[PDB]
Each structure stands twice: as structure tokens, then as C-alpha cells.
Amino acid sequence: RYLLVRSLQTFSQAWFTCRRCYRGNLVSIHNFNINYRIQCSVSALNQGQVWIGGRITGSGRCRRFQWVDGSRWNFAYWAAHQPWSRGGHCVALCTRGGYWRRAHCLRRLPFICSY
């Protein structure tokens, strides 16, 4: 299950909210059918995107893409043209098109929790 939190929060604040207000986690997405369903759930928002639970971790050359809910990173739906290098280490889903974009973790956005 998943739900939309309309409140604007940083990725870290949102990670906390999903865990404490809903006993869940910022959502992980493993296939297009679920990405589309979440896309539909946020289509009418005035904000351009919402936090999902993805993060780029590590230092130096070798890093990893992880879901805060620990699930495997086996699917993505990245916007083809977006600032990438130095674009941020948190992942957001665009309300229009359902594409994912890297975004700076300290920016505040609405978000999706799974429970």
C-alpha cells in the first residue's frame, strides 16, 4: 500500500515521517505498473515532483543506488534529460510523466510512503 503526504519536507524529514506517522518507509518502485499507479495518484498536485525512497550513497568513484526500505534496486524510470552529475543524491518522481530525477536532498517536496 502507499499514500501521499502533501506536506513539504526534506528527504530526511520525509524518511522520518513515513516511518513514524505511518509505520512504513518512503516508497520503493520495482516495476512500471506501480510507477504508473503512483504517477496517477500525484497527477493533480501543483508541485512538480515528490520524494520516493531512493538515494545515491558512498564517496569517491564507486557508489550505489539504494532504497531506504532495503529492497533491491531493480527498476528505474529516469527522465532522459535532466541535470545528472551533481544533480543531488536523493530521488524524486515527477508529477508529470512519472519520470524520476535526481534532486538535492535538502529541497522540500510532498512525498509517497508505503506501508
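Numbering starts at 1 and runs along the sequence shown.
Chemist: Of 55-63 and 70-78, which one has the bigger average CA B-factor?
Modeler: The stretch with the larger mean CA B-factor is 55-63.
Chemist: With respect to the recorded C-alpha B factors, which stretch has the higher mean value, 42-50 or 29-37?
Modeler: Per the PDB entry, the higher value belongs to 42-50.
Chemist: Lowest, middle or highest third of the chain for the C-alpha temperature factor of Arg19?
Modeler: For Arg19, whose C-alpha B-factor we compare with every modelled residue in the chain, the answer is the lowest third.
Chemist: Can you tell me whether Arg101 has a C-alpha B-factor in the lowest, middle or highest third compared with the other modelled residues of the same chain?
Modeler: Middle third of the chain for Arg101's C-alpha B-factor.
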